[PDB]
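J.: Got a structure here, written out as structure tokens. Questions coming.
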Amino acid sequence: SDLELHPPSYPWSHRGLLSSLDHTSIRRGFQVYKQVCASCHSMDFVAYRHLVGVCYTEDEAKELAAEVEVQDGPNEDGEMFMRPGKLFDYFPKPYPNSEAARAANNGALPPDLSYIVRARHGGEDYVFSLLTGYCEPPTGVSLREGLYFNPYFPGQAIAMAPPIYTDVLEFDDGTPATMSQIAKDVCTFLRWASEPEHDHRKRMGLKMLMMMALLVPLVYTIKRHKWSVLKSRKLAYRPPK
Amino acid sequence: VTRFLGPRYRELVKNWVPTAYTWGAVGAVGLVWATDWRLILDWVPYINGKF
Amino acid sequence: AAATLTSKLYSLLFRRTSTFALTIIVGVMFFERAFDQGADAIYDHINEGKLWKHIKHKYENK
Amino acid sequence: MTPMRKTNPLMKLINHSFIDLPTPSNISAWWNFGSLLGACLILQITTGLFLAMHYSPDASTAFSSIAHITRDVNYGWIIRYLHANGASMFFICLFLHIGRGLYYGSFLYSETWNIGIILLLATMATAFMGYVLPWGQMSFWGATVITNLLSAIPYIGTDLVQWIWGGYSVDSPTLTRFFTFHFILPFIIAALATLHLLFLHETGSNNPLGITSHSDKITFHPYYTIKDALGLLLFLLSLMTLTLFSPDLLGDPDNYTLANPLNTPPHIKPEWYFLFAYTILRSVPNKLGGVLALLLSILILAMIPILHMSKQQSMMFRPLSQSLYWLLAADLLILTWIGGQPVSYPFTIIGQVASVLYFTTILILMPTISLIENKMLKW
Amino acid sequence: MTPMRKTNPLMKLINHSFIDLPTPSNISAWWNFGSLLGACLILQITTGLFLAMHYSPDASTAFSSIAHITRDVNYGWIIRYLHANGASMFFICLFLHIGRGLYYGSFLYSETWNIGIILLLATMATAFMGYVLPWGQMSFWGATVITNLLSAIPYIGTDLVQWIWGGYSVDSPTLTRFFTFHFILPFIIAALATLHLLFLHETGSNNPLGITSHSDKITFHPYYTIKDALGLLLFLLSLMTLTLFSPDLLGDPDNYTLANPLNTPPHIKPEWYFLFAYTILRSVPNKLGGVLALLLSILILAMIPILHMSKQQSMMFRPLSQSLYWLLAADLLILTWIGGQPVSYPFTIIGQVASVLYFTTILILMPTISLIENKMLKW
Amino acid sequence: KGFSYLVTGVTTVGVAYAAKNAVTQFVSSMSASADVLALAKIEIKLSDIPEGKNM
Ligand SMILES: COC1=C(OC)C(=O)C(C/C=C(/C)CC/C=C(\C)CC/C=C(\C)CC/C=C(\C)CC/C=C(/C)CC/C=C(\C)CC/C=C(\C)CC/C=C(/C)CC/C=C(\C)CCC=C(C)C)=C(C)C1=O
Ligand SMILES: COC1=C(OC)C(=O)C(C/C=C(\C)CC/C=C(/C)CC/C=C(\C)CC/C=C(\C)CC/C=C(/C)CC/C=C(\C)CC/C=C(/C)CC/C=C(\C)CC/C=C(\C)CCC=C(C)C)=C(C)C1=O
Ligand SMILES: COC1=C(OC)C(=O)C(C/C=C(\C)CC/C=C(/C)CC/C=C(\C)CC/C=C(\C)CC/C=C(\C)CC/C=C(\C)CC/C=C(\C)CC/C=C(\C)CC/C=C(\C)CCC=C(C)C)=C(C)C1=O
Ligand code: HEC
Ligand code: HEM
Ligand code: HEM
Ligand code: HEM
Ligand code: HEM
């Protein structure tokens with residue numbers, strides 16, 4: 001109803017024009033996603049690869065993929081079976097179809113997270129504020145029993161129950177688990193999942209800037225050199241008298 | 001053909017030989033650089049960024 | 001009294017256009033390596049610890 | 001013994017158009033965008049051709065295809081962003097290319113000016129069908145709204161809409177034909193551009209002063225080549241900065257969500273370059289009124305040469321006309337800004353005032369002040 | 001007031017190119033196949049354009065889309081057959097176009113003759129990639145064989161075959177990539193066709209006698225517009241008979257089966273218009289040597305003007321050259337027939353003999369007989 | 001003269017550098033998508049297959 005509360009601009013480590021993404025944050029962010037997120041949210045456009053050079057090594061990724069189970073093509077002279085899974089299978093979807101997901105979530109459909117950051121205004125800033133700020137409704141508003149108040153949601157009513165609290169997980173790194181900490185990591189991981197060319201894009205930008213700095217004055221100098229003959233030309237008018 | 005034989009044509013080609021050598025070198029070095037052909041770029045003095 | 005650097009660079013190289021092209025392409029060969037390496041070092045120095053290549057140490061070789 | 005570029009037929013054309021073209025010496029930067037437009041076209045063409053090798057023009061796999069380009073195709077993301085960002089640059093140069101003629105009086109070249117109007121309409125169509133290809137929420141619904149705008153025809157109406165759609169709604173058949181039309185039109189624009197240059201050469205370019213430049217003409221190869229090579233470098237600098245630092249600034253989210261025929265976003269605003277006309281439509285409550293307004297808008301450009309009354313080409317020497325020009329530009333800025341805002345009381349009234357002010361200034365104020373200036377000069 | 005067609009820029013080109021350029025009065029029907037080729041090109045674009053509105057370039061949906069076009073889409077079947085059969089008519093006209101030049105000495109126009117060779121190579125590329133679009137059993141294997149035949153290139157072959165494939169096999173990426181090339185290439189051919197005419201126009205057309213016809217030139221419009229219209233009517237007659245009565249005679253069945261990667265058909269053969277070359281490569285024992293033969297051949301067409309040593313342009317007054325020309329035509333017929341037959345001792349030797357006979361005729365026999373004919377007349 | 005030609009000579013170097021890079025991007029896009037490589041050549045296989053058996 002009322003104009004939605006605009007999230008504030010947070011100091012992300014990659015807000016800078018030339019900064020990059022802390023890859024340890026992405027590692028812990030994915031760790032959060034593996035169980036807390038994948039219950040009903042899905043990442044349709046991500047594979048167990050794309051992580052070999054980002055967070056996890058070759059062997060660790062393969063071992064991690066072995067922990068899942070996919071369904072394989074029809075056995076010759078047979079039927080479908082179940083395969084362990086290799087480094088070309090996308091992340092498991094939680095439900096066979098959208099309608100089944102709606103049934104298990106009071107009719108609400110959890111959007112795919114692959115492009116959520118670029119899909120919503122504010123990007124990760126919006127998500128971080130959304131994950132936190134799960135306060136109670138003010139005086140004078142009521143909500144359906146299966147909905148929760150959130151001032152950052154455009155309708156202030158959301159079917160998402162608070163998903164993250166303290167001590168839900170235990171990072172192997174030893175970093176203490178804190179609602180703010182988990183939110184920061186997962187938001188960074190999502191920003192990557194929607195833009196894995198972030199670091200490369202900015203590196204090329206850096207080279208472009210230095211190359212332009214060298215070139216623009218040089219090309220202007222050549223232009224002035226050729227045009228000098230015209231810019232210094234002097235004229236005179238000498239009629240017969 | 002038959003007419004091109006003659007002493008002065010020999011003089012002309014001898015004049016232009018060095019220019020052809022330079023252009024041939026330009027083409028050769030440019031091709032390897034554009035294609036980053038490793039085998040010849042592995043014998044260069046310091047350009048060994050490849051592993 | 002020594003002849004200026006540019007004058008020597010002109011007579012030996014720039015006077016003949018074929019040599020002018022040859023020196024250009026060799027300079028490209030050399031400047032490409034130099035510029036690329038310098039820019040990469042700057043970018044890494046801006047983001048120590050963030051880039052995963054600096055993180056491999058904590059977990060590698062099992 | 002004589003030069004070989006004055007005998008070979010293919011070199012005669014290049015010599016006429018490029019090397020020995022007599023061109024005024026005092027032309028400013030405003031005369032560079034012409035070249036840039038073609039350059040941008042040449043870029044778009046090549047950029048798009050490479051995107052076509054991995055795009056599936058189907059309603060069920062188009063969105064997934066783009067996701068695959070930006071995550072699996074080597075340097076696919078940069079190619080996609082260059083295409084998207086290069087389209088906005090096209091319009092920016094195109095608007096500045098048209099403004100120069102309006103200010104300096106280049107419209108007096110009837111033939112060339114009319115060819116441009118056609119080129120503008122062709123480019124506008126190309127950009128609209130390109131923007132629907134990604135098959136995002138904005139793409140799907142933007143096509144629906146703009147395509148339902150032909151129902152205002154008195155007696156035919158639905159027939160054209162259903163004919164274009166290839167069905168009762170917007171679906172795969174519409175996507176496929178738009179893909180083909182998107183592919184082909186740019187090459188048609190290239191042919192039109194050659195006709196544009198053809199009629200231009202008979203007379204030559206117009207200098208900023210508006211006086212005959214036949215006494216101060218210079219060749220094009222040594223001077224304007226480097227001058228137009230510096231402009232293209234700046235053009236690339238701007239384009240690369242936009243792509244490599246703010247890839248999604250002149251766009252809009254909800255294009256990264258799959259199109260849903262059932263759900264509809266609230267604002268559903270079109271692309272920035274198609275915003276001034278959008279406000280003109282909403283300003284008139286009637287559908288037929290709005291569509292006529294949109295068309296009457298472009299038609300004004302064709303009528304502008306007929307509305308000229310001053311005895312001079314350039315407005316450089318006519319300051320009152322200059323002030324009116326800049327007020328008209330500000331009005332266009334207001335129209336664009338309003339297009340980006342939701343429908344509400346202040347915006348609606350402001351849009352109506354801007355629309356009427358737009359038309360009145362062109363159709364009434366400009367001729368009147370031109371006559372007034374002729375009076376103070378004792379012409 | 002003088003006619004406007006001699007003052008308007010756009011009308012000057014049309015007047016020069018079509019209405020009023022002098023032409024020989026005696027040119028026979030052989031000189032009518034050039035105009036038909038362009039007409040066919042025009043016909044091939046429009047039909048293909050409509051097919052592009054429904055075709056889906058994917059490994060799985062490509063075959064399905066063709067079936068959908070043939071049955072569900074209105075008049076889809078007729079459009080597809082016009083496109084398919086128009087291709088064959090295009091090559092028939094193209095061969096007759098080339099044949100006329102070889103017989104009447106038109107190759108003396110070097111600039112025009114060389115451009116023609118490029119048009120032929122481009123045409124073949126367009127036709128070869130188009131044959132892959134149906135994605136039938138023959139299309140898949142035809143592309144496989146004609147592409148694997150670049151692994152013979154000294155050191156880059158293997159690297160330049162996977163790059164073309166976009167992978168380590170022939171799959172959907174090849175299909176989409178070929179689709180874009182199929183679309184774009186014909187338009188380049190159209191542009192090149194304008195360079196062909198341009199270089200021709202600066203000298204004028206040839207006549208059967210081989211003597212200059214400046215004494216008896218005629219305006220092109222009335223006489224030859226109706227004559228070319230008659231030719232177009234006859235060309236349409238042939239095309240419609242092929243499509244409306246026996247559409248599939250000139251095609252090869254087994255293309256109506258889904259492409260099976262793990263099933264090599266017993267008898268793989270190219271299309272009828274490409275068979276002559278297939279036999280020239282299948283005969284040479286060396287794989288690389290066969291590629292060098294298929295190329296050295298096509299290019300002897302570029303060498304014809306050098307090997308010319310007669311003192312008469314036209315072979316009309318050269319009875320011995322006529323006998324060789326028809327003998328060479330018969331040799332091409334033999335090569336075509338062998339191309340469609342399985343490998344075996346009789347066909348192989350016949351193909352080998354035909355190949356050597358083809359080459360030696362063009363190189364030695366024709367120059368020698370021309371010299372003897374010159375000696376006979378006491379030049 | 002040497003100074004002026006030096007400017008031109010240096011400028012071309014920059015133009016050349018970018019040129020090569022740009023082309024290598026467009027050409028590389030046609031080589032092979034990452035998924036093609038992932039699905040191909042990935043055929044690690046255990047040696048545990050008994051004698052005569054064919055897995
Ligand atoms: C049995 O299986 C097989 C088949 O069946 C299934 C087949 O189908 C085929 C056939 C192959 C088919 C598809 C594949 C082959 C494809 C190719 C060779 C070509 C590769 C390219 C393509 C897609 C791209 C095509 C290229 C295009 C558009 C680029 C050209 C663009 C332009 C504007 C053209 C511009 C040209 C201009 C300005 C130049 C102007 C001048 C000229 C013509 C003048 C000539 C100049 C000269 C020097 C020549 C004159 C020479 C003189 C005097 C010397 C004489 C010469 C001698 C040689 C003696 C094979 C091999 C096969 O196995
Ligand atoms: C013997 O002597 C002779 C000579 O020697 C003296 C000669 O020299 C010659 C000349 C030589 C020859 C012809 C030979 C070839 C040589 C040539 C120069 C010509 C070369 C050929 C070409 C470039 C090809 C020309 C074209 C072809 C096939 C046409 C392709 C391009 C097109 C425009 C064609 C049209 C396609 C059309 C319209 C599509 C059909 C669809 C239509 C109704 C539906 C379309 C709908 C839309 C766009 C909808 C858009 C909607 C939009 C934006 C939505 C808007 C919504 C709103 C609400 C506003 C001859 C003949 C001769 O005999
Ligand atoms: C201000 O003052 C000025 C003026 O006024 C005074 C002026 O007037 C002007 C006048 C000039 C202008 C504005 C300039 C612009 C003018 C115009 C009209 C604009 C025109 C624009 C164009 C034509 C667009 C140009 C670009 C186009 C079409 C696209 C170009 C690229 C391509 C087709 C693709 C090229 C190739 C690419 C990327 C390589 C990738 C592909 C491959 C290798 C191909 C893969 C293989 C295949 C097809 C296979 C082929 C072979 C096969 C199957 C088999 C072979 C055989 C076997 C045996 C295997 C100026 C400059 C000016 O300043
Ligand atoms: C684990 C952290 C977590 C993140 C990050 C996350 N989800 Fe969701 N999510 C939903 C549903 C249902 C919606 C749609 C409406 C809503 O939020 O209730 C949604 C919506 C969202 C939205 C915004 C929707 C919009 O339209 O703006 C984001 C962002 C999101 N999820 C991400 C079910 C879940 C469930 C299943 C219990 C879990 C667990 C869950 N969500 C946990 C998470
Ligand atoms: C859409 C693609 C277009 C291209 C590729 C193009 C191309 C060009 C070029 C290269 C020039 C020469 C520039 C100069 O000499 O100043 C030019 C001039 C001109 N253009 Fe366009 N143009 C396009 C669109 C338009 C449009 C939409 C108009 C609208 C009126 C237009 C009107 C003109 C006029 C009047 C001139 C002559 C200017 C003068 O004589 O000073 N053009 N065009
Ligand atoms: C003036 C010429 C052109 C203009 C103005 C133009 C404009 C556009 C625009 C604005 C988009 C959507 C960008 C986005 O959604 O981010 C687009 C998409 C596209 N265009 Fe064009 N385009 C032009 C020429 C071409 C050509 C010649 C081709 C030939 C293949 C082409 C192929 C495509 C493709 C494949 C897409 C899909 C974009 C995607 O998948 O992300 N375009 N075009
Ligand atoms: C592929 C599309 C082609 C088109 C649209 C085309 C068009 C034309 C036209 C309209 C003419 C004049 C009228 C006529 O001769 O009937 C002509 C003449 C000519 N063509 Fe083509 N041509 C094409 C390909 C070729 C090829 C492959 C060659 C190979 C040799 C060629 C060689 C010639 C020559 C030598 C002439 C001069 C005829 C003369 O002087 O009498 N053309 N062409
Ligand atoms: C000289 C110009 C052209 C030639 C020689 C040519 C030739 C061919 C050939 C031989 C086929 C095989 C069809 C079959 O075997 O059933 C084909 C298919 C096709 N071509 Fe064309 N083509 C030309 C122009 C075009 C153009 C301009 C387009 C689109 C703009 C196009 C689109 C298609 C499509 C969609 C198919 C698939 C039809 C099918 O699978 O039956 N073609 N082409």
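Labels used: A, B, ... for chains in the order of the structure tokens, numbers from 1 for residues in each chain, and numbers from 1 for ligands as shown.
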Determine, for each residue of chain E having at least one atom at most 10 Å from an atom of ligand 2, the closest pair of atoms and their separation in Å to one decimal, counting only C-alpha atoms and all ligand atoms; order by chain and ascending number, as CSV.
T.:
residue,atom,partner,partner_atom_place_in_ligand_line,distance
E:14,CA,ligand 2,10 (C),9.8
E:16,CA,ligand 2,6 (C),9.1
E:17,CA,ligand 2,8 (O),6.0
E:18,CA,ligand 2,6 (C),5.9
E:19,CA,ligand 2,6 (C),8.6
E:20,CA,ligand 2,6 (C),8.9
E:21,CA,ligand 2,6 (C),6.8
E:22,CA,ligand 2,6 (C),8.3
E:23,CA,ligand 2,6 (C),7.2
E:27,CA,ligand 2,1 (C),9.4
E:29,CA,ligand 2,1 (C),9.7
E:30,CA,ligand 2,1 (C),9.8
E:31,CA,ligand 2,1 (C),6.3
E:32,CA,ligand 2,1 (C),5.5
E:33,CA,ligand 2,1 (C),7.7
E:34,CA,ligand 2,1 (C),6.2
E:35,CA,ligand 2,63 (O),4.2
E:36,CA,ligand 2,14 (C),7.1
E:37,CA,ligand 2,14 (C),6.4
E:38,CA,ligand 2,15 (C),3.5
E:39,CA,ligand 2,13 (C),5.6
E:40,CA,ligand 2,15 (C),8.7
E:41,CA,ligand 2,28 (C),7.0
E:42,CA,ligand 2,28 (C),3.9
E:43,CA,ligand 2,28 (C),6.1
E:44,CA,ligand 2,28 (C),7.1
E:45,CA,ligand 2,28 (C),4.7
E:46,CA,ligand 2,28 (C),5.0
E:47,CA,ligand 2,28 (C),8.5
E:48,CA,ligand 2,28 (C),9.3
E:49,CA,ligand 2,36 (C),7.9
E:50,CA,ligand 2,40 (C),7.8
E:186,CA,ligand 2,24 (C),8.7
E:187,CA,ligand 2,23 (C),6.2
E:188,CA,ligand 2,23 (C),8.4
E:189,CA,ligand 2,20 (C),8.2
E:190,CA,ligand 2,20 (C),4.5
E:191,CA,ligand 2,23 (C),6.3
E:192,CA,ligand 2,20 (C),8.4
E:193,CA,ligand 2,16 (C),5.5
E:194,CA,ligand 2,18 (C),4.9
E:195,CA,ligand 2,18 (C),8.7
E:196,CA,ligand 2,16 (C),8.6
E:197,CA,ligand 2,8 (O),5.7
E:198,CA,ligand 2,8 (O),8.5
E:200,CA,ligand 2,5 (O),8.6
E:201,CA,ligand 2,6 (C),7.9
E:204,CA,ligand 2,6 (C),8.7
E:205,CA,ligand 2,6 (C),7.8
E:219,CA,ligand 2,6 (C),9.7
E:220,CA,ligand 2,6 (C),6.8
E:221,CA,ligand 2,2 (O),9.0
E:224,CA,ligand 2,2 (O),6.7
E:225,CA,ligand 2,63 (O),6.6
E:226,CA,ligand 2,63 (O),9.5
E:227,CA,ligand 2,63 (O),8.7
E:228,CA,ligand 2,63 (O),5.8
E:229,CA,ligand 2,63 (O),8.5
E:231,CA,ligand 2,63 (O),9.7
E:232,CA,ligand 2,63 (O),9.8
J.: Counting only C-alpha atoms and all ligand atoms, which residues in chain D sit no more than 12 Å from ligand 8? For each one, give the nearest pair of atoms and the distance in Å, sorted by chain then residue number, as CSV.
T.:
residue,atom,partner,partner_atom_place_in_ligand_line,distance
D:176,CA,ligand 8,35 (C),11.4
D:177,CA,ligand 8,30 (C),11.1
D:179,CA,ligand 8,30 (C),11.0
D:180,CA,ligand 8,30 (C),7.5
D:181,CA,ligand 8,30 (C),9.7
D:182,CA,ligand 8,30 (C),11.5
D:183,CA,ligand 8,30 (C),8.9
D:184,CA,ligand 8,30 (C),7.9
D:185,CA,ligand 8,30 (C),11.5
D:187,CA,ligand 8,30 (C),11.9
J.: Could you save those same residues with N, CA, C and O atoms as a PDB file, in the first residue's frame?
T.:
ATOM      1  N   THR D 176       9.091 -15.409 -33.656  1.00  0.00           N
ATOM      2  CA  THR D 176       9.905 -15.845 -34.787  1.00  0.00           C
ATOM      3  C   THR D 176       9.912 -14.806 -35.901  1.00  0.00           C
ATOM      4  O   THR D 176      10.972 -14.478 -36.446  1.00  0.00           O
ATOM      5  N   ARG D 177       8.740 -14.286 -36.270  1.00  0.00           N
ATOM      6  CA  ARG D 177       8.696 -13.291 -37.336  1.00  0.00           C
ATOM      7  C   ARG D 177       9.447 -12.030 -36.933  1.00  0.00           C
ATOM      8  O   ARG D 177      10.126 -11.412 -37.760  1.00  0.00           O
ATOM      9  N   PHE D 179      12.025 -11.928 -34.974  1.00  0.00           N
ATOM     10  CA  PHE D 179      13.442 -12.246 -35.105  1.00  0.00           C
ATOM     11  C   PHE D 179      13.910 -12.050 -36.541  1.00  0.00           C
ATOM     12  O   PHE D 179      14.951 -11.433 -36.788  1.00  0.00           O
ATOM     13  N   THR D 180      13.149 -12.572 -37.505  1.00  0.00           N
ATOM     14  CA  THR D 180      13.517 -12.399 -38.907  1.00  0.00           C
ATOM     15  C   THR D 180      13.497 -10.931 -39.308  1.00  0.00           C
ATOM     16  O   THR D 180      14.400 -10.459 -40.008  1.00  0.00           O
ATOM     17  N   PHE D 181      12.466 -10.195 -38.890  1.00  0.00           N
ATOM     18  CA  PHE D 181      12.383  -8.780 -39.238  1.00  0.00           C
ATOM     19  C   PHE D 181      13.517  -7.994 -38.597  1.00  0.00           C
ATOM     20  O   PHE D 181      14.099  -7.101 -39.222  1.00  0.00           O
ATOM     21  N   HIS D 182      13.838  -8.312 -37.343  1.00  0.00           N
ATOM     22  CA  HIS D 182      14.980  -7.693 -36.683  1.00  0.00           C
ATOM     23  C   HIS D 182      16.259  -7.923 -37.480  1.00  0.00           C
ATOM     24  O   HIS D 182      17.063  -7.002 -37.662  1.00  0.00           O
ATOM     25  N   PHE D 183      16.458  -9.150 -37.966  1.00  0.00           N
ATOM     26  CA  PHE D 183      17.668  -9.480 -38.715  1.00  0.00           C
ATOM     27  C   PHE D 183      17.768  -8.671 -40.004  1.00  0.00           C
ATOM     28  O   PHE D 183      18.846  -8.180 -40.356  1.00  0.00           O
ATOM     29  N   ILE D 184      16.655  -8.522 -40.720  1.00  0.00           N
ATOM     30  CA  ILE D 184      16.704  -8.021 -42.092  1.00  0.00           C
ATOM     31  C   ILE D 184      16.744  -6.497 -42.138  1.00  0.00           C
ATOM     32  O   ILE D 184      17.544  -5.915 -42.878  1.00  0.00           O
ATOM     33  N   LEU D 185      15.874  -5.822 -41.382  1.00  0.00           N
ATOM     34  CA  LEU D 185      15.758  -4.367 -41.498  1.00  0.00           C
ATOM     35  C   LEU D 185      17.091  -3.634 -41.455  1.00  0.00           C
ATOM     36  O   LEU D 185      17.292  -2.727 -42.279  1.00  0.00           O
ATOM     37  N   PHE D 187      19.925  -4.223 -42.632  1.00  0.00           N
ATOM     38  CA  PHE D 187      20.508  -4.217 -43.967  1.00  0.00           C
ATOM     39  C   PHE D 187      19.708  -3.334 -44.913  1.00  0.00           C
ATOM     40  O   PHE D 187      20.276  -2.749 -45.842  1.00  0.00           O
TER      41      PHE D 187
END
J.: Expressed in Å to a single decimal, how great is the separation between atom CA of residue 77 of chain D and atom 45 (C, counted along the ligand's line) of ligand 3?
T.: 21.0 Å
J.: May I ask you to write as a PyMOL selection string all residues lying at most 8 Å from ligand 1, with only C-alpha atoms and all ligand atoms counted?
T.: (chain D and resi 10) or (chain E and resi 110-118+121-129+142-143+145-146+149+181+185+188-189+191-192+269-271+273-279+281+291+294-295+299-300+302-306)
J.: What's around segment 120-136 of chain A at 10 Å? Count only C-alpha atoms, leave out sequence neighbours fewer than 3 positions away in its own chain, and write the answer as a PyMOL selection string.
T.: (chain A and resi 6-12+115-117+139+148-153+160-165+179-180+182-191) or (chain D and resi 252-254+256-257)
J.: Residues of chain C were defined as contacting chain B if any atom lay at most 10 Å from it, counting only C-alpha atoms; please report them as a PDB file with N, CA and C atoms, in the first residue's frame.
T.:
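Output contents, as saved in iface_33.pdb:
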ATOM      1  N   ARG C  16      62.777   5.098 -43.563  1.00  0.00           N
ATOM      2  CA  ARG C  16      62.268   4.057 -44.447  1.00  0.00           C
ATOM      3  C   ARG C  16      60.982   3.492 -43.857  1.00  0.00           C
ATOM      4  N   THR C  17      59.886   3.597 -44.613  1.00  0.00           N
ATOM      5  CA  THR C  17      58.583   3.209 -44.082  1.00  0.00           C
ATOM      6  C   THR C  17      58.528   1.726 -43.737  1.00  0.00           C
ATOM      7  N   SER C  18      59.251   0.884 -44.479  1.00  0.00           N
ATOM      8  CA  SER C  18      59.245  -0.542 -44.172  1.00  0.00           C
ATOM      9  C   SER C  18      59.858  -0.809 -42.803  1.00  0.00           C
ATOM     10  N   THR C  19      60.985  -0.160 -42.497  1.00  0.00           N
ATOM     11  CA  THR C  19      61.548  -0.257 -41.155  1.00  0.00           C
ATOM     12  C   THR C  19      60.644   0.406 -40.128  1.00  0.00           C
ATOM     13  N   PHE C  20      59.951   1.476 -40.521  1.00  0.00           N
ATOM     14  CA  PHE C  20      59.004   2.119 -39.619  1.00  0.00           C
ATOM     15  C   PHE C  20      57.914   1.143 -39.199  1.00  0.00           C
ATOM     16  N   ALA C  21      57.409   0.351 -40.146  1.00  0.00           N
ATOM     17  CA  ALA C  21      56.421  -0.666 -39.809  1.00  0.00           C
ATOM     18  C   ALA C  21      57.037  -1.776 -38.966  1.00  0.00           C
ATOM     19  N   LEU C  22      58.265  -2.186 -39.290  1.00  0.00           N
ATOM     20  CA  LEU C  22      58.905  -3.264 -38.542  1.00  0.00           C
ATOM     21  C   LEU C  22      59.087  -2.887 -37.077  1.00  0.00           C
ATOM     22  N   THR C  23      59.566  -1.671 -36.812  1.00  0.00           N
ATOM     23  CA  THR C  23      59.750  -1.256 -35.426  1.00  0.00           C
ATOM     24  C   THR C  23      58.415  -1.131 -34.705  1.00  0.00           C
ATOM     25  N   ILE C  24      57.367  -0.707 -35.413  1.00  0.00           N
ATOM     26  CA  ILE C  24      56.045  -0.612 -34.800  1.00  0.00           C
ATOM     27  C   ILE C  24      55.601  -1.975 -34.288  1.00  0.00           C
ATOM     28  N   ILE C  25      55.714  -3.001 -35.131  1.00  0.00           N
ATOM     29  CA  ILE C  25      55.179  -4.310 -34.775  1.00  0.00           C
ATOM     30  C   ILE C  25      56.006  -4.944 -33.663  1.00  0.00           C
ATOM     31  N   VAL C  26      57.324  -4.737 -33.680  1.00  0.00           N
ATOM     32  CA  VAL C  26      58.155  -5.235 -32.588  1.00  0.00           C
ATOM     33  C   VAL C  26      57.804  -4.521 -31.290  1.00  0.00           C
ATOM     34  N   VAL C  28      54.899  -3.344 -30.544  1.00  0.00           N
ATOM     35  CA  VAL C  28      53.632  -3.935 -30.124  1.00  0.00           C
ATOM     36  C   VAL C  28      53.882  -5.253 -29.406  1.00  0.00           C
ATOM     37  N   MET C  29      54.754  -6.089 -29.972  1.00  0.00           N
ATOM     38  CA  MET C  29      55.094  -7.358 -29.338  1.00  0.00           C
ATOM     39  C   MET C  29      55.580  -7.140 -27.911  1.00  0.00           C
ATOM     40  N   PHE C  30      56.465  -6.161 -27.719  1.00  0.00           N
ATOM     41  CA  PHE C  30      57.053  -5.926 -26.406  1.00  0.00           C
ATOM     42  C   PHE C  30      56.081  -5.200 -25.485  1.00  0.00           C
ATOM     43  N   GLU C  32      52.883  -5.133 -25.489  1.00  0.00           N
ATOM     44  CA  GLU C  32      51.769  -5.983 -25.083  1.00  0.00           C
ATOM     45  C   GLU C  32      52.105  -6.746 -23.808  1.00  0.00           C
ATOM     46  N   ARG C  33      53.263  -7.407 -23.781  1.00  0.00           N
ATOM     47  CA  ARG C  33      53.668  -8.139 -22.585  1.00  0.00           C
ATOM     48  C   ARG C  33      53.825  -7.199 -21.397  1.00  0.00           C
ATOM     49  N   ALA C  34      54.528  -6.082 -21.593  1.00  0.00           N
ATOM     50  CA  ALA C  34      54.775  -5.157 -20.492  1.00  0.00           C
ATOM     51  C   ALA C  34      53.471  -4.595 -19.942  1.00  0.00           C
ATOM     52  N   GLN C  37      51.295  -7.320 -18.085  1.00  0.00           N
ATOM     53  CA  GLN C  37      51.825  -7.713 -16.783  1.00  0.00           C
ATOM     54  C   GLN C  37      51.666  -6.595 -15.760  1.00  0.00           C
TER      55      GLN C  37
END
J.: With only C-alpha atoms as the atoms that count, which of E:51, E:218, E:236, E:161 lies nearest to chain F?
T.: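 Among the listed residues, the smallest separation from chain F belongs to E:161.
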J.: Quick one: pick out all alpha helix (DSSP H) residues within segment 37-206 of chain D from a backbone DSSP run and write them as number ranges by chain.
T.: D: 37-52, 62-72, 76-104, 110-132, 137-147, 158-165, 172-203
